[PDB]
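> Take a look at the following structure, please.
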Amino acid sequence: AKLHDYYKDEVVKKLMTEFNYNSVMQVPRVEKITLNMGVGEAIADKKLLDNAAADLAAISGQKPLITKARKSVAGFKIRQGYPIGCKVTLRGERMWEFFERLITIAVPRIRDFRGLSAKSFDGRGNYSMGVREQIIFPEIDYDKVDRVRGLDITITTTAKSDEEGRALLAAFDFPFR
Amino acid sequence: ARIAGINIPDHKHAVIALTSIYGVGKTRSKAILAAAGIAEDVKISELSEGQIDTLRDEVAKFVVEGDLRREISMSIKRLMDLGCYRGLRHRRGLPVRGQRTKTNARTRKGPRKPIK
Amino acid sequence: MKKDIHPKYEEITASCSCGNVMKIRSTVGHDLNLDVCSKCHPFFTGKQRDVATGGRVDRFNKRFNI
Amino acid sequence: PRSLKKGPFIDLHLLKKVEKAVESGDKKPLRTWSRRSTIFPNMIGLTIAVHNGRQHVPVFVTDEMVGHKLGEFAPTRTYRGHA
RNA sequence: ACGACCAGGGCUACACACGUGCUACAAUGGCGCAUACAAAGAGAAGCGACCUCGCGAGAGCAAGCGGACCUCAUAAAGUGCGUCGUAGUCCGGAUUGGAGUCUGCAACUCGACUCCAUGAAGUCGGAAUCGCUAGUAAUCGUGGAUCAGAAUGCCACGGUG
RNA sequence: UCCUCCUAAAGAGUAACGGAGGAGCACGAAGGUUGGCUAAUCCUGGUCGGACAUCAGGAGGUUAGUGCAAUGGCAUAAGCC
Ligand SMILES: [Mg+2]
Ligand SMILES: [Mg+2]
Ligand SMILES: [Mg+2]
Ligand SMILES: [Mg+2]
Ligand SMILES: [Mg+2]
Ligand SMILES: [Mg+2]
Ligand SMILES: [Mg+2]
Ligand SMILES: [Mg+2]
Ligand SMILES: [Mg+2]
Ligand SMILES: [Mg+2]
Ligand SMILES: [Mg+2]
Ligand SMILES: [Mg+2]
Ligand SMILES: [Mg+2]
Ligand SMILES: [Mg+2]
Ligand SMILES: [Mg+2]
Ligand SMILES: [Mg+2]
Ligand SMILES: [Mg+2]
Ligand SMILES: [Zn+2]
């Protein structure tokens, strides 16, 4: 809750000035962070899912919700009901502490990190990014793992416009460009 | 054991395990360890973390993993955009340096393409 | 949160080569030594240099004098 | 490549034509058989028609085209494919 | 003009098929340091010490030599020690990028060499097929002709055997 | 033989070698109850990931769903945990 403490005193004072909001409730705020691993190759065996869910449980310290197919499609050879991915929703204090560890540790540990995109805000403020490799988090031991996974991070916020979420992450020095 | 972005094996010796970095070889690995004062026969194991901090600074003097692949691709795409003879060889998939294309161009042309 | 299903989530210390001592809550357990943090990553100085286009005329005039 | 102590290379009959077309300011295509002449930075922006063995292909001179020779932008073998 | 002169191009192209070779796929080896033993040749528009400079190919100054004198020119395999420890590896070197040297009016097509980086295929080869009976095969370096420059070819030479 | 729609003329019923489709089961939960939940599709953003898996937002408002044919129902859901 270090950044949550950092949110409540200086980010709110910053955004109220540069947007001239009438109320303090009118400010944006982050709401949840969703950690998906679409593991489409787990239809061969459960153990790839069972270890990828084990890896994402180490990144964010929650047991992941194993997601399933909403319907059946034949291009991917899946039926409605097959376990096909895993997610973690992060809210409250656990949202901020992962968000602290993300932009301070794991984003510098990206190989050939050169910035993010400012064109990834889904028209309505909600930001989504995808990492290539789970080794950028220091939770994963390099010798103990064998397979390079990938996950994607989705920050869902209360910003109405598209730029207001872009200004919100910039108050947390989110490395756009 | 994590230099310039990538990891480096511990069981190998010092000069060999440095060469896993895209941008250094057996020559430049001797140049790194001489400037760090580190013997070459030691492993990446039993190194002080201050020595590895000395090691990261010496590698950071040169052009490595993320920079070099960008520079190599920039040089090739410079030839691509001009349309010189070296650019056409780079984009026909043919050898650039003036080798024979009648026989034994299999590195640039891949495996054999049978006439169907 | 539920009681048993979650992994152990404990506050540890992560130090870096620039000496940025930072205490985070994590699932590592043992202490952590980092390599680059957001304070010392060369995103704000180093990545600007790393484009490095270079001039073709400037390469030509450097090699000699007329 | 050539040694640095010799500097670059350009034909005299080409180098006089470059010197004329700069001062005259004409943008006529200069037909030229000097495929072995290094392009100079004062040649930038000129249409110069390098020979290829059969005809004269016009080459507009770019900033990046300085450190090369004129024959690289006049390919001599026409090849389209076997099938 | 089917004769003659010049510039530029081509003889070096490239879905492919074959011949002849070179280097490999490593531990009877790679590497690093130290160290022992050859023969046969070439040299004046040439061979070019020594010394200096360069990581280097080389550069500068420059002796000596038409040569049992001097120079090309330190033979390598070997041995001694250390190292890797079976991996696509400290094996293999293709390819490609950058930087160069030298030759030559001139190295783009289209030269050789060096340096830094890159690190393909390849883990002994289907049917088939070749050479060889002793200083032979196998392997290891050396030199010459042609030649401004430009060989894994060719012609010679000795080592181990 | 049995079910559904039309013919069938706004109650029921109504024929033809009239027009169209199904059934000869399944389920020990796919039953009972309590509690809770709400679709299809499309748009944008996002590691592998692609027309199409999963994730996050928005439009949409049942165009979905119903063990199976059709018809009538179905949000208090009879749909889904
Ligand atoms: Mg390397
Ligand atoms: Mg090399
Ligand atoms: Mg001619
Ligand atoms: Mg020929
Ligand atoms: Mg000779
Ligand atoms: Mg020296
Ligand atoms: Mg030896
Ligand atoms: Mg050895
Ligand atoms: Mg090697
Ligand atoms: Mg292979
Ligand atoms: Mg092997
Ligand atoms: Mg006989
Ligand atoms: Mg010669
Ligand atoms: Mg009726
Ligand atoms: Mg009636
Ligand atoms: Mg039912
Ligand atoms: Mg109910
Ligand atoms: Zn730091």
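Chain labels A, B, ... are given in the sequence in which chains occur in the structure tokens; within each chain residues are numbered consecutively from 1, and ligands are likewise numbered from 1 in the order shown.
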Would you mind listing the residues within 12 Å of ligand 5, counting only C-alpha atoms (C1' of nucleotides) and all ligand atoms, as a PDB file with C-alpha atoms (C1' of nucleotides), in the first residue's frame?

```pdb
ATOM      1  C1'   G E  41      63.245 -24.613 -53.895  1.00  0.00           C
ATOM      2  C1'   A E  42      62.854 -19.071 -55.519  1.00  0.00           C
ATOM      3  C1'   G E  43      65.176 -14.199 -55.666  1.00  0.00           C
ATOM      4  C1'   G E  46      63.266  -9.164 -57.285  1.00  0.00           C
ATOM      5  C1'   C E  47      64.094 -11.535 -52.141  1.00  0.00           C
ATOM      6  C1'   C E  72      61.932 -15.504 -48.447  1.00  0.00           C
ATOM      7  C1'   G E 143      58.289 -24.827 -51.765  1.00  0.00           C
ATOM      8  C1'   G E 144      57.686 -23.644 -56.914  1.00  0.00           C
ATOM      9  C1'   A E 145      55.482 -22.654 -61.699  1.00  0.00           C
ATOM     10  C1'   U E 146      51.589 -19.086 -63.590  1.00  0.00           C
ATOM     11  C1'   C E 147      51.404 -14.140 -61.338  1.00  0.00           C
TER      12        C E 147
END
```
> Once DSSP has gone over the backbone, tell me which residues of segment 7-69 of chain D are in strand (DSSP E), as a ChimeraX atom specification.
/D:30-32,47-51,56-60
> Let me see the file: selected residues, N, CA, C and O atoms, as a PDB file, in the first residue's frame.

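Okay, result.pdb is ready:
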```pdb
ATOM      1  N   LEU D  30      22.690  13.154 -66.150  1.00  0.00           N
ATOM      2  CA  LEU D  30      24.071  13.031 -66.601  1.00  0.00           C
ATOM      3  C   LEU D  30      24.361  11.563 -66.874  1.00  0.00           C
ATOM      4  O   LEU D  30      24.495  10.768 -65.939  1.00  0.00           O
ATOM      5  N   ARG D  31      24.465  11.195 -68.146  1.00  0.00           N
ATOM      6  CA  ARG D  31      24.830   9.828 -68.476  1.00  0.00           C
ATOM      7  C   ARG D  31      26.326   9.642 -68.268  1.00  0.00           C
ATOM      8  O   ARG D  31      27.133  10.508 -68.613  1.00  0.00           O
ATOM      9  N   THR D  32      26.686   8.521 -67.654  1.00  0.00           N
ATOM     10  CA  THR D  32      28.023   8.339 -67.108  1.00  0.00           C
ATOM     11  C   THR D  32      28.384   6.867 -67.189  1.00  0.00           C
ATOM     12  O   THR D  32      27.561   6.011 -66.859  1.00  0.00           O
ATOM     13  N   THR D  47      20.279  13.724 -60.771  1.00  0.00           N
ATOM     14  CA  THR D  47      20.004  12.541 -61.571  1.00  0.00           C
ATOM     15  C   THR D  47      21.228  12.278 -62.432  1.00  0.00           C
ATOM     16  O   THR D  47      21.562  13.079 -63.309  1.00  0.00           O
ATOM     17  N   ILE D  48      21.914  11.173 -62.168  1.00  0.00           N
ATOM     18  CA  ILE D  48      23.084  10.779 -62.939  1.00  0.00           C
ATOM     19  C   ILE D  48      22.862   9.365 -63.458  1.00  0.00           C
ATOM     20  O   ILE D  48      22.602   8.440 -62.680  1.00  0.00           O
ATOM     21  N   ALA D  49      22.911   9.211 -64.778  1.00  0.00           N
ATOM     22  CA  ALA D  49      22.502   7.976 -65.440  1.00  0.00           C
ATOM     23  C   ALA D  49      23.713   7.068 -65.574  1.00  0.00           C
ATOM     24  O   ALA D  49      24.502   7.197 -66.509  1.00  0.00           O
ATOM     25  N   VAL D  50      23.852   6.140 -64.643  1.00  0.00           N
ATOM     26  CA  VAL D  50      24.973   5.214 -64.655  1.00  0.00           C
ATOM     27  C   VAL D  50      24.718   4.151 -65.712  1.00  0.00           C
ATOM     28  O   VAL D  50      23.593   3.666 -65.871  1.00  0.00           O
ATOM     29  N   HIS D  51      25.759   3.821 -66.470  1.00  0.00           N
ATOM     30  CA  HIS D  51      25.691   2.746 -67.443  1.00  0.00           C
ATOM     31  C   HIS D  51      25.633   1.405 -66.724  1.00  0.00           C
ATOM     32  O   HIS D  51      26.088   1.271 -65.589  1.00  0.00           O
ATOM     33  N   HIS D  56      21.603   3.278 -69.862  1.00  0.00           N
ATOM     34  CA  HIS D  56      21.931   4.189 -68.771  1.00  0.00           C
ATOM     35  C   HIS D  56      20.720   4.310 -67.861  1.00  0.00           C
ATOM     36  O   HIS D  56      19.714   4.918 -68.239  1.00  0.00           O
ATOM     37  N   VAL D  57      20.817   3.740 -66.666  1.00  0.00           N
ATOM     38  CA  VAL D  57      19.730   3.812 -65.696  1.00  0.00           C
ATOM     39  C   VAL D  57      19.939   5.031 -64.804  1.00  0.00           C
ATOM     40  O   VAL D  57      21.040   5.242 -64.278  1.00  0.00           O
ATOM     41  N   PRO D  58      18.934   5.893 -64.652  1.00  0.00           N
ATOM     42  CA  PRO D  58      19.121   7.107 -63.856  1.00  0.00           C
ATOM     43  C   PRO D  58      19.086   6.811 -62.369  1.00  0.00           C
ATOM     44  O   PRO D  58      18.255   6.042 -61.883  1.00  0.00           O
ATOM     45  N   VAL D  59      20.011   7.427 -61.643  1.00  0.00           N
ATOM     46  CA  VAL D  59      20.140   7.239 -60.205  1.00  0.00           C
ATOM     47  C   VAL D  59      19.982   8.595 -59.542  1.00  0.00           C
ATOM     48  O   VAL D  59      20.821   9.485 -59.729  1.00  0.00           O
ATOM     49  N   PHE D  60      18.915   8.759 -58.772  1.00  0.00           N
ATOM     50  CA  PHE D  60      18.814   9.907 -57.888  1.00  0.00           C
ATOM     51  C   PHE D  60      19.733   9.678 -56.698  1.00  0.00           C
ATOM     52  O   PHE D  60      19.786   8.573 -56.154  1.00  0.00           O
TER      53      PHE D  60
END
```
> Compile the residues of chain E that lie within 10 Å of chain D, evaluated using only C-alpha atoms (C1' of nucleotides), and express the compilation as a ChimeraX atom specification.
/E:7-10,13-16,100-102,105-109
> Emit the selected residues as a PDB file, in the first residue's frame, including C-alpha atoms (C1' of nucleotides).

```pdb
ATOM      1  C1'   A E   7      34.401   2.576 -72.850  1.00  0.00           C
ATOM      2  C1'   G E   8      31.104  -0.262 -69.911  1.00  0.00           C
ATOM      3  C1'   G E   9      29.217  -5.124 -69.225  1.00  0.00           C
ATOM      4  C1'   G E  10      29.806 -10.421 -69.483  1.00  0.00           C
ATOM      5  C1'   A E  13      23.902 -15.296 -63.478  1.00  0.00           C
ATOM      6  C1'   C E  14      20.859 -19.589 -60.478  1.00  0.00           C
ATOM      7  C1'   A E  15      14.382 -23.361 -59.042  1.00  0.00           C
ATOM      8  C1'   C E  16      18.184 -27.379 -60.122  1.00  0.00           C
ATOM      9  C1'   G E 100      40.656  -2.055 -42.090  1.00  0.00           C
ATOM     10  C1'   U E 101      45.379  -3.306 -44.815  1.00  0.00           C
ATOM     11  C1'   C E 102      47.669  -4.310 -49.490  1.00  0.00           C
ATOM     12  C1'   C E 105      44.585   3.973 -63.453  1.00  0.00           C
ATOM     13  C1'   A E 106      40.612   1.289 -60.789  1.00  0.00           C
ATOM     14  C1'   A E 107      38.635  -3.990 -56.101  1.00  0.00           C
ATOM     15  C1'   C E 108      30.273  -2.037 -57.298  1.00  0.00           C
ATOM     16  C1'   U E 109      29.177  -6.177 -60.330  1.00  0.00           C
TER      17        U E 109
END
```
> Near chain D, which residues of chain C fall within 8 Å when you count only C-alpha atoms, and what do they look like as an mmCIF file with N, CA and C atoms, in the first residue's frame?

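Wrote result_22.cif, looks like this:
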```
data_model
loop_
_atom_site.group_PDB
_atom_site.id
_atom_site.type_symbol
_atom_site.label_atom_id
_atom_site.label_comp_id
_atom_site.auth_asym_id
_atom_site.auth_seq_id
_atom_site.Cartn_x
_atom_site.Cartn_y
_atom_site.Cartn_z
ATOM 1 N N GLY C 55 25.555 9.596 -39.522
ATOM 2 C CA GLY C 55 25.485 10.313 -40.780
ATOM 3 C C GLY C 55 26.370 9.663 -41.824
ATOM 4 N N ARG C 56 25.918 9.707 -43.075
ATOM 5 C CA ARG C 56 26.717 9.127 -44.145
ATOM 6 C C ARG C 56 27.732 10.133 -44.669
ATOM 7 N N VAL C 57 27.342 11.408 -44.740
ATOM 8 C CA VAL C 57 28.265 12.463 -45.143
ATOM 9 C C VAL C 57 29.331 12.672 -44.077
ATOM 10 N N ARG C 59 30.475 10.424 -42.006
ATOM 11 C CA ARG C 59 31.409 9.311 -42.115
ATOM 12 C C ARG C 59 32.411 9.557 -43.232
ATOM 13 N N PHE C 60 31.965 10.190 -44.317
ATOM 14 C CA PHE C 60 32.830 10.411 -45.469
ATOM 15 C C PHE C 60 33.899 11.452 -45.167
ATOM 16 N N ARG C 63 37.153 10.580 -42.843
ATOM 17 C CA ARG C 63 38.182 9.612 -43.203
ATOM 18 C C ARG C 63 39.425 10.257 -43.806
ATOM 19 N N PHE C 64 39.354 11.524 -44.211
ATOM 20 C CA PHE C 64 40.475 12.214 -44.849
ATOM 21 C C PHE C 64 40.215 13.718 -44.820
#
```
> Residues within 10 Å of ligand 6 (only C-alpha atoms (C1' of nucleotides) and all ligand atoms), as a ChimeraX atom specification?
/E:52-56
> Can I get the selection written as a PDB file, in the first residue's frame, with N, CA and C atoms (P, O5', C5', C4', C3', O3' and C1' of nucleotides)?

```pdb
ATOM      1  P     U E  52      62.715  -2.281 -31.438  1.00  0.00           P
ATOM      2  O5'   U E  52      61.837  -1.121 -32.083  1.00  0.00           O
ATOM      3  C5'   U E  52      62.124   0.238 -31.801  1.00  0.00           C
ATOM      4  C4'   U E  52      61.379   1.165 -32.723  1.00  0.00           C
ATOM      5  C3'   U E  52      59.868   1.082 -32.668  1.00  0.00           C
ATOM      6  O3'   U E  52      59.316   1.760 -31.558  1.00  0.00           O
ATOM      7  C1'   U E  52      60.574   1.151 -34.920  1.00  0.00           C
ATOM      8  P     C E  53      58.052   1.136 -30.798  1.00  0.00           P
ATOM      9  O5'   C E  53      56.844   1.415 -31.789  1.00  0.00           O
ATOM     10  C5'   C E  53      56.442   2.745 -32.069  1.00  0.00           C
ATOM     11  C4'   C E  53      55.423   2.792 -33.175  1.00  0.00           C
ATOM     12  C3'   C E  53      54.213   1.896 -33.002  1.00  0.00           C
ATOM     13  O3'   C E  53      53.249   2.389 -32.094  1.00  0.00           O
ATOM     14  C1'   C E  53      55.031   1.677 -35.197  1.00  0.00           C
ATOM     15  P     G E  54      52.515   1.360 -31.106  1.00  0.00           P
ATOM     16  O5'   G E  54      51.481   0.599 -32.049  1.00  0.00           O
ATOM     17  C5'   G E  54      50.442   1.319 -32.691  1.00  0.00           C
ATOM     18  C4'   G E  54      49.807   0.544 -33.818  1.00  0.00           C
ATOM     19  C3'   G E  54      49.177  -0.788 -33.469  1.00  0.00           C
ATOM     20  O3'   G E  54      47.938  -0.663 -32.801  1.00  0.00           O
ATOM     21  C1'   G E  54      50.387  -0.999 -35.473  1.00  0.00           C
ATOM     22  P     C E  55      47.717  -1.411 -31.399  1.00  0.00           P
ATOM     23  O5'   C E  55      48.172  -2.905 -31.689  1.00  0.00           O
ATOM     24  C5'   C E  55      48.438  -3.803 -30.624  1.00  0.00           C
ATOM     25  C4'   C E  55      47.716  -5.111 -30.817  1.00  0.00           C
ATOM     26  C3'   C E  55      47.970  -5.823 -32.133  1.00  0.00           C
ATOM     27  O3'   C E  55      49.161  -6.588 -32.109  1.00  0.00           O
ATOM     28  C1'   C E  55      45.646  -5.800 -31.659  1.00  0.00           C
ATOM     29  P     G E  56      50.192  -6.535 -33.336  1.00  0.00           P
ATOM     30  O5'   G E  56      49.328  -6.998 -34.587  1.00  0.00           O
ATOM     31  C5'   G E  56      48.957  -8.356 -34.751  1.00  0.00           C
ATOM     32  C4'   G E  56      47.941  -8.502 -35.848  1.00  0.00           C
ATOM     33  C3'   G E  56      48.414  -8.103 -37.233  1.00  0.00           C
ATOM     34  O3'   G E  56      49.100  -9.163 -37.872  1.00  0.00           O
ATOM     35  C1'   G E  56      46.273  -7.170 -36.796  1.00  0.00           C
TER      36        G E  56
END
```
> Enumerate as a ChimeraX atom specification the residues within 12 Å of ligand 9, counting only C-alpha atoms (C1' of nucleotides) and all ligand atoms.
/B:16,25-26 /E:24,26,29-31,88-93,119
> Selected residues, N, CA and C atoms (P, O5', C5', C4', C3', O3' and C1' of nucleotides), written as a PDB file, in the first residue's frame, please.

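New file out06.pdb:
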```
ATOM      1  N   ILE B  16      34.276 -18.260 -21.099  1.00  0.00           N
ATOM      2  CA  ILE B  16      33.368 -18.989 -21.974  1.00  0.00           C
ATOM      3  C   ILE B  16      31.935 -18.569 -21.708  1.00  0.00           C
ATOM      4  N   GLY B  25      32.906 -12.078 -27.752  1.00  0.00           N
ATOM      5  CA  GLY B  25      33.474 -13.345 -28.156  1.00  0.00           C
ATOM      6  C   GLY B  25      34.647 -13.694 -27.275  1.00  0.00           C
ATOM      7  N   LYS B  26      35.503 -14.611 -27.730  1.00  0.00           N
ATOM      8  CA  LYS B  26      36.638 -15.036 -26.920  1.00  0.00           C
ATOM      9  C   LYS B  26      37.672 -13.927 -26.778  1.00  0.00           C
TER      10      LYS B  26
ATOM     11  P     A E  24      39.855 -29.599 -40.214  1.00  0.00           P
ATOM     12  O5'   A E  24      38.465 -29.496 -39.461  1.00  0.00           O
ATOM     13  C5'   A E  24      37.722 -30.655 -39.140  1.00  0.00           C
ATOM     14  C4'   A E  24      36.247 -30.362 -39.136  1.00  0.00           C
ATOM     15  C3'   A E  24      35.372 -31.376 -38.431  1.00  0.00           C
ATOM     16  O3'   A E  24      35.347 -31.180 -37.032  1.00  0.00           O
ATOM     17  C1'   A E  24      34.422 -30.815 -40.524  1.00  0.00           C
ATOM     18  P     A E  26      31.180 -35.577 -32.981  1.00  0.00           P
ATOM     19  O5'   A E  26      32.637 -35.521 -32.354  1.00  0.00           O
ATOM     20  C5'   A E  26      33.661 -36.362 -32.852  1.00  0.00           C
ATOM     21  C4'   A E  26      35.004 -35.691 -32.781  1.00  0.00           C
ATOM     22  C3'   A E  26      35.796 -35.927 -31.514  1.00  0.00           C
ATOM     23  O3'   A E  26      36.465 -37.174 -31.497  1.00  0.00           O
ATOM     24  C1'   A E  26      35.846 -33.638 -32.046  1.00  0.00           C
ATOM     25  P     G E  29      45.033 -36.283 -31.073  1.00  0.00           P
ATOM     26  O5'   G E  29      43.602 -35.605 -30.936  1.00  0.00           O
ATOM     27  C5'   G E  29      42.840 -35.285 -32.089  1.00  0.00           C
ATOM     28  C4'   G E  29      41.660 -34.424 -31.739  1.00  0.00           C
ATOM     29  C3'   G E  29      41.982 -32.988 -31.379  1.00  0.00           C
ATOM     30  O3'   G E  29      42.158 -32.170 -32.516  1.00  0.00           O
ATOM     31  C1'   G E  29      40.535 -33.886 -29.760  1.00  0.00           C
ATOM     32  P     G E  30      43.164 -30.924 -32.459  1.00  0.00           P
ATOM     33  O5'   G E  30      42.303 -29.781 -31.773  1.00  0.00           O
ATOM     34  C5'   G E  30      41.127 -29.303 -32.398  1.00  0.00           C
ATOM     35  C4'   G E  30      40.363 -28.378 -31.493  1.00  0.00           C
ATOM     36  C3'   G E  30      41.156 -27.247 -30.874  1.00  0.00           C
ATOM     37  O3'   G E  30      41.372 -26.163 -31.755  1.00  0.00           O
ATOM     38  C1'   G E  30      39.862 -28.271 -29.214  1.00  0.00           C
ATOM     39  P     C E  31      42.796 -25.430 -31.764  1.00  0.00           P
ATOM     40  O5'   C E  31      42.901 -24.781 -30.319  1.00  0.00           O
ATOM     41  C5'   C E  31      42.047 -23.714 -29.940  1.00  0.00           C
ATOM     42  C4'   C E  31      42.175 -23.417 -28.471  1.00  0.00           C
ATOM     43  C3'   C E  31      43.534 -22.929 -28.027  1.00  0.00           C
ATOM     44  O3'   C E  31      43.744 -21.565 -28.327  1.00  0.00           O
ATOM     45  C1'   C E  31      42.742 -24.554 -26.510  1.00  0.00           C
ATOM     46  P     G E  88      22.786 -30.618 -26.620  1.00  0.00           P
ATOM     47  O5'   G E  88      23.334 -30.426 -28.101  1.00  0.00           O
ATOM     48  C5'   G E  88      23.417 -29.127 -28.676  1.00  0.00           C
ATOM     49  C4'   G E  88      24.814 -28.801 -29.132  1.00  0.00           C
ATOM     50  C3'   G E  88      24.995 -27.385 -29.676  1.00  0.00           C
ATOM     51  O3'   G E  88      26.326 -26.947 -29.406  1.00  0.00           O
ATOM     52  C1'   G E  88      25.531 -28.932 -31.352  1.00  0.00           C
ATOM     53  P     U E  89      26.641 -25.387 -29.204  1.00  0.00           P
ATOM     54  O5'   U E  89      27.462 -25.343 -27.847  1.00  0.00           O
ATOM     55  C5'   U E  89      27.050 -26.111 -26.727  1.00  0.00           C
ATOM     56  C4'   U E  89      28.220 -26.620 -25.921  1.00  0.00           C
ATOM     57  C3'   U E  89      29.516 -25.824 -26.048  1.00  0.00           C
ATOM     58  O3'   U E  89      30.193 -25.835 -24.795  1.00  0.00           O
ATOM     59  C1'   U E  89      29.898 -28.062 -26.674  1.00  0.00           C
ATOM     60  P     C E  90      30.917 -24.508 -24.262  1.00  0.00           P
ATOM     61  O5'   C E  90      32.261 -24.436 -25.103  1.00  0.00           O
ATOM     62  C5'   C E  90      32.502 -23.337 -25.974  1.00  0.00           C
ATOM     63  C4'   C E  90      33.935 -23.272 -26.443  1.00  0.00           C
ATOM     64  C3'   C E  90      34.497 -24.542 -27.074  1.00  0.00           C
ATOM     65  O3'   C E  90      35.382 -24.178 -28.128  1.00  0.00           O
ATOM     66  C1'   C E  90      35.860 -23.893 -25.277  1.00  0.00           C
ATOM     67  P     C E  91      34.986 -24.438 -29.659  1.00  0.00           P
ATOM     68  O5'   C E  91      34.620 -25.980 -29.701  1.00  0.00           O
ATOM     69  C5'   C E  91      35.627 -26.968 -29.573  1.00  0.00           C
ATOM     70  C4'   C E  91      35.375 -28.113 -30.511  1.00  0.00           C
ATOM     71  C3'   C E  91      35.319 -27.747 -31.978  1.00  0.00           C
ATOM     72  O3'   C E  91      36.610 -27.646 -32.548  1.00  0.00           O
ATOM     73  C1'   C E  91      33.495 -29.153 -31.440  1.00  0.00           C
ATOM     74  P     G E  92      36.946 -26.539 -33.662  1.00  0.00           P
ATOM     75  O5'   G E  92      35.802 -26.712 -34.744  1.00  0.00           O
ATOM     76  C5'   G E  92      35.874 -27.732 -35.720  1.00  0.00           C
ATOM     77  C4'   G E  92      34.640 -27.715 -36.571  1.00  0.00           C
ATOM     78  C3'   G E  92      34.426 -26.436 -37.350  1.00  0.00           C
ATOM     79  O3'   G E  92      35.128 -26.445 -38.575  1.00  0.00           O
ATOM     80  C1'   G E  92      32.415 -27.070 -36.264  1.00  0.00           C
ATOM     81  P     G E  93      36.588 -25.791 -38.693  1.00  0.00           P
ATOM     82  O5'   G E  93      36.587 -25.164 -40.150  1.00  0.00           O
ATOM     83  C5'   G E  93      36.402 -23.773 -40.337  1.00  0.00           C
ATOM     84  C4'   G E  93      34.952 -23.434 -40.544  1.00  0.00           C
ATOM     85  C3'   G E  93      34.639 -21.956 -40.690  1.00  0.00           C
ATOM     86  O3'   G E  93      34.802 -21.540 -42.036  1.00  0.00           O
ATOM     87  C1'   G E  93      33.191 -22.922 -39.096  1.00  0.00           C
ATOM     88  P     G E 119      25.445 -15.633 -32.384  1.00  0.00           P
ATOM     89  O5'   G E 119      25.464 -17.104 -32.969  1.00  0.00           O
ATOM     90  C5'   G E 119      24.902 -17.376 -34.245  1.00  0.00           C
ATOM     91  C4'   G E 119      25.764 -18.318 -35.038  1.00  0.00           C
ATOM     92  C3'   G E 119      25.935 -19.710 -34.425  1.00  0.00           C
ATOM     93  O3'   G E 119      25.912 -20.693 -35.449  1.00  0.00           O
ATOM     94  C1'   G E 119      28.039 -18.756 -34.833  1.00  0.00           C
TER      95        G E 119
END
```
> Tell me, as a short mmCIF file (atom, residue, chain, number, x, y, z; two decimals) with N, CA and C atoms, in the first residue's frame, which residues lie within 12 Å of residue 22 of chain C, counting only C-alpha atoms (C1' of nucleotides); anything in the same chain fewer than 3 positions away does not count.

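Saved file part.cif follows:
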```
data_model
loop_
_atom_site.label_atom_id
_atom_site.label_comp_id
_atom_site.auth_asym_id
_atom_site.auth_seq_id
_atom_site.Cartn_x
_atom_site.Cartn_y
_atom_site.Cartn_z
N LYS A 2 2.14 1.05 -0.34
CA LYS A 2 3.07 2.18 -0.44
C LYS A 2 2.67 3.11 -1.57
N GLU A 100 3.53 -2.20 -7.30
CA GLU A 100 4.84 -1.71 -6.91
C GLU A 100 5.94 -2.58 -7.50
N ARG A 101 5.82 -3.90 -7.34
CA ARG A 101 6.83 -4.82 -7.85
C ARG A 101 6.88 -4.86 -9.36
N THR A 104 8.72 -1.33 -10.73
CA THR A 104 10.02 -1.06 -10.14
C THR A 104 11.03 -2.17 -10.41
N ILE A 105 10.60 -3.42 -10.39
CA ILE A 105 11.49 -4.56 -10.55
C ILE A 105 11.34 -5.21 -11.92
N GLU C 11 6.92 -10.25 3.55
CA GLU C 11 7.68 -9.05 3.23
C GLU C 11 9.17 -9.32 3.27
N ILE C 12 9.86 -9.06 2.16
CA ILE C 12 11.30 -9.25 2.06
C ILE C 12 11.95 -7.95 1.61
N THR C 13 13.28 -7.95 1.52
CA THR C 13 14.05 -6.78 1.13
C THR C 13 14.75 -7.07 -0.20
N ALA C 14 14.65 -6.13 -1.14
CA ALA C 14 15.27 -6.26 -2.44
C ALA C 14 16.24 -5.09 -2.64
N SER C 15 17.53 -5.39 -2.69
CA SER C 15 18.56 -4.39 -2.90
C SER C 15 19.13 -4.50 -4.31
N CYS C 16 19.68 -3.39 -4.79
CA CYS C 16 20.14 -3.31 -6.17
C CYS C 16 21.58 -2.81 -6.21
N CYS C 18 22.60 -0.03 -7.48
CA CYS C 18 22.68 1.37 -7.09
C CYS C 18 22.41 1.56 -5.60
N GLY C 19 22.22 0.48 -4.85
CA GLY C 19 21.95 0.59 -3.44
C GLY C 19 20.55 1.00 -3.09
N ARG C 25 6.50 -6.89 -0.31
CA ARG C 25 5.88 -8.14 0.10
C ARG C 25 5.86 -9.09 -1.08
N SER C 26 6.31 -10.31 -0.86
CA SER C 26 6.65 -11.19 -1.96
C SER C 26 6.42 -12.64 -1.56
N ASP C 31 16.02 -13.62 0.91
CA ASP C 31 16.30 -12.25 0.53
C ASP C 31 16.71 -12.19 -0.94
N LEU C 32 16.51 -11.03 -1.55
CA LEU C 32 16.67 -10.85 -2.98
C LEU C 32 17.68 -9.76 -3.28
N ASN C 33 18.56 -10.04 -4.23
CA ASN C 33 19.54 -9.07 -4.73
C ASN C 33 19.23 -8.80 -6.19
N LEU C 34 18.95 -7.54 -6.51
CA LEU C 34 18.53 -7.17 -7.85
C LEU C 34 19.73 -6.73 -8.69
N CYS C 37 16.98 -1.48 -11.00
CA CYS C 37 15.65 -1.09 -10.57
C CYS C 37 15.17 0.06 -11.44
N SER C 38 13.95 0.53 -11.16
CA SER C 38 13.39 1.64 -11.94
C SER C 38 14.12 2.95 -11.67
N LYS C 39 14.84 3.05 -10.56
CA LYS C 39 15.66 4.23 -10.31
C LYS C 39 16.92 4.22 -11.17
#
```
